[PDB]
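Below is one structure; the comments refer to it alone.
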Amino acid sequence: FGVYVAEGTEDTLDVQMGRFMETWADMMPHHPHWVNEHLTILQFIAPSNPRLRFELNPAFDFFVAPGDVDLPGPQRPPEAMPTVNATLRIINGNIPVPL
Amino acid sequence: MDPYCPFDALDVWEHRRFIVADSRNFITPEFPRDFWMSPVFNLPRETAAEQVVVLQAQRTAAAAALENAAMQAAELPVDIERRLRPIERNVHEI
């Protein structure tokens with residue numbers, strides 16, 4: 001969800017938004033962990049935190065994304081091996097709230 | 001739908017150090033097959049035939065523009081020979 005970007009489809013933005021709605025209804029098979037920032041620094045530092053080993057440098061974020069896929073790509077989500085991709089965290093305030 | 005197999009299943013109790021004739025088990029993932037969506041070939045909005053038609057229409061428009069450029073730019077020698085010859089005659093008049 002939070003790592004894939006799609007294409008415009010020459011549409012009225014209503015049906016185009018509409019189809020995204022139901023594709024979004026099941027797009028997330030589980031909880032995307034990147035929305036869990038209500039936890040305190042104590043809970044974050046705890047080893048049960050999965051995103052710990054995806055935080056190694058303050059300037060960037062580390063995350064899982066589709067591999068061998070050029071962004072943005074076709075709106076229908078291609079299936080491929082999960083991989084690790086990183087981006088620029090330009091805003092210092094974009095650092096996770098517990099940190 | 002199930003691929004055929006003469007042997008149903010048996011009871012095997014493997015060890016760590018003495019796996020002899022080290023095989024390659026077929027690994028399986030843990031996410032349910034309900035999350036593994038079926039493949040769909042997203043058909044392009046246009047077809048190569050429509051691409052040919054549109055590109056040929058654009059070529060016709062470009063060729064019409066080039067023909068207009070040709071007819072406007074083919075008269076320049078005519079302008080040259082229409083403008084200088086009276087002046088050349090006038091200079092000869094001296």
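Letters for chains follow the order of the structure tokens (A, B, ...), residue numbers begin at 1 for each chain, and ligand numbers begin at 1 in the order shown.
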
Quiz item: Neighbours of residue 40 of chain A within 9 Å (only C-alpha atoms; same-chain residues fewer than 6 positions away dropped), as JSON, numbers by chain?
Solution: {"A": [97, 98, 99]}

Practice problem: Write down, as a PyMOL selection string, each residue of chain A that has any atom within 10 Å of an atom of chain B, counting only C-alpha atoms. | Solution: chain A and resi 9-10+26-30+74-79

Practice problem: Check the DSSP output for the backbone and give back, as a list in words, the residues of segment 1-84 of chain A in alpha helix (DSSP H). | Solution: residues 15, 16, 17, 18, 19, 20, 21, 22, 23, 24, 25, 41, 42, 43, 44 and 45 of chain A
